[PDB]
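Chains, contacts and geometry: an overview
The primary structure of each chain is shown beneath.
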Amino acid sequence: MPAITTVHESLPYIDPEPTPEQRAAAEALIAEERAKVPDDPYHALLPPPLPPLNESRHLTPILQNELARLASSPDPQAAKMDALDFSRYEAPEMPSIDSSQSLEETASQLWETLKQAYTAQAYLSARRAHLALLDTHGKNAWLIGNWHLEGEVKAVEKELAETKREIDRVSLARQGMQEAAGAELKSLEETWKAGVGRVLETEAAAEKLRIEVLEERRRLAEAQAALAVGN
Amino acid sequence: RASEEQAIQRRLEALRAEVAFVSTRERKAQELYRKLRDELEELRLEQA
Amino acid sequence: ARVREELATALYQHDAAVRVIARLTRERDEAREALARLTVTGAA
Amino acid sequence: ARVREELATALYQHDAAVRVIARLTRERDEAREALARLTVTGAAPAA
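Each value, and the rule that gives it
Numbering of residues starts from 1 on every chain and follows the order in which that chain's sequence is written, so it may differ from the entry's own numbering; residues lacking coordinates are left out. Lettering of chains starts at A and numbering of ligands starts at 1, both following the order in which they are written. Each value given relates to the chains shown, not to the larger assembly they are part of. For the side-chain quantities, the full set of heavy atoms in the structure was used; hydrogens and water were omitted. Residues with missing side-chain atoms are left out of burial classes, side-chain pairs and their counts. Each helix corresponds to a stretch of at least 4 residues labelled H or I by DSSP, and each strand to a stretch of at least 2 residues labelled E; elements are numbered beginning at the N terminus. Only the C-alpha atoms count toward the radius of gyration. The rule for a globule is 2.2 Å times the residue count to the power 0.38. Contact criterion: two residues are considered in contact whenever any of their non-hydrogen atoms come within 4.5 Å of each other. To define axes, lines are fitted to C-alpha atoms, for helices over the stretch in contact only, and angles between the resulting N-to-C directions are given on a 0 to 180 degree scale. Should an angle fall under 35 degrees it is taken as roughly parallel, and over 145 as roughly antiparallel, whereas 65 to 115 is taken as roughly perpendicular and any remaining angle as oblique. Should the near helix be turned anticlockwise from the far one by less than a right angle, the crossing is termed left-handed; should it be turned clockwise, right-handed. UniProt positions are given in the numbering used here, feature names are shortened, and annotations may be inferred rather than shown by experiment.

1. Description of the overall build of chain A
Along the backbone of chain A there are three helices and zero strands. Each helix and strand of chain A, placed in order from N terminus to C terminus, yields the pattern α-α-α. Against the 2.2 N^0.38 benchmark of 17 Å for 231 residues, chain A shows a C-alpha radius of gyration of 45 Å, more extended than a compact globule.

This is the structure in structure tokens:
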């Protein structure tokens, strides 16, 4: 679950879409605010950092050494490890028994070649047995594997479709609620602007009436002063 | 969607408060206009 | 997966905050222009 | 590691955006309060 709990007065389905210049100005203001204060590496919203290879509870020291060797390679995608001795499983050629070679050394070389040939023959017999088992059960094995893969792909597609449908339903509900709230808020804002204009007009009329009343009061005071002086 | 619902509720409350303030200002302006009209009528009656 | 979900939530919150800041800046500019026009005119 | 770095940068940007939005909202609220409480004084001509 996300830890973002900030609330910003944003109505994408109701308020108008900002222009690219307005978006650039908002990004500039955000960059100015980011340059105003330093970033906090110990923020509660930010999760803890990944532990080291030696500090990992699941990574073994051999796995840590392999990870260090992979990271030391300039190309980790093309970092291929050294292959094992696969030339020993091939057909053993006849050794070049020299005339100056001793009988014991030639016998040891022949024994090594015979052991390599016997290992190759055993590997070939195992390959022949595996090929016979493949020719026996390959259609059934391939059908079962294809059915399992198709079922897994269908389950993944069904889960993705259900997630997309839920997201679409949530977006539609949010869009409808935002549209109703935006219509109400637009009506209220137009009413508020009209009321502000009407209050300004009424205040101007009241100021004109107050000026006229002040003129009438000054005329009445002048008439009273003239009547008092003339008496 | 949760943030938009909370922001919509807060903005609706703020817009209702602003509309109430604007209506109160309009009512005060109407009362001032009525008082000015009454004062003008009283001044016209006193002068005549 | 947790970091990607947090990053997606942060990106959505940043987009919402950018839209809200643009709307608030537009409203403040409109209010300032209206106040300047009212001060310049005087007659309502 | 790259996703964690991007998440930290996004969190810093979101905090900056929240602060800027708070400042802009305060300025807009001050402007709206000034415009709403703008009592129309007597527009006397320059005598």
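2. Some remarks on the arrangement of the chains
No other pair of the four pairs of chains in contact has as many contacts as chains A and B. At the level of C-alpha atoms, the two units chain B and chain D stay apart, their nearest approach being 7 Å.

3. A word on the packing of helix α3 (residues 103-230) of chain A against helix α1 (residues 2-47) of chain B
Following both chains from N to C, one finds α3(A) and α1(B) inclined at 20 degrees, their axes separated by 8 Å at the closest point. Taken as axis vectors, α3(A) and α1(B) run roughly parallel relative to one another. Crossing of α3(A) against α1(B): the hand is left-handed. Between α3(A) and α1(B), the contacting residues are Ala181(A), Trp192(A), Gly195(A), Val199(A), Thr202(A), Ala206(A), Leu209(A) and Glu216(A) on the first element and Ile8(B), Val22(B), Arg25(B), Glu26(B), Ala29(B), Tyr33(B), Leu36(B) and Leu43(B) on the second.

4. Concerning the UniProt feature "coiled-coil region" (unreviewed entry) in chain A
When the UniProt feature table is mapped to this numbering, "coiled-coil region" (unreviewed entry) covers residues 146-180 of chain A. Secondary structure over residues 146-180 of chain A splits into 100% helix and 0% strand, and the C-alpha atoms at its two ends are 51 Å apart.

5. Looking at the interface of chain A and chain D
Counting residues at the interface gives six residues for chain A and four residues for chain D. Take the side of chain A that touches chain D: its biggest share by element is four residues, from helix α1 (residues 20-36) of chain A.

6. Description of the packing of helix α1 (residues 2-41) of chain C against helix α1 (residues 2-36) of chain D
Contact pair α1(C) / α1(D): the axes reach a minimum separation of 8 Å and the direction vectors enclose 20 degrees. The pairing of α1(C) with α1(D) is recorded here as roughly parallel in orientation. The way α1(C) lies across α1(D) gives a crossing that is left-handed. Contacts from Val3(C), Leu7(C), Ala10(C), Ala17(C), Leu24(C), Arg28(C) and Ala31(C) of α1(C) reach α1(D) at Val3(D), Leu7(D), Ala10(D), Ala17(D), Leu24(D), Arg28(D) and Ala31(D).

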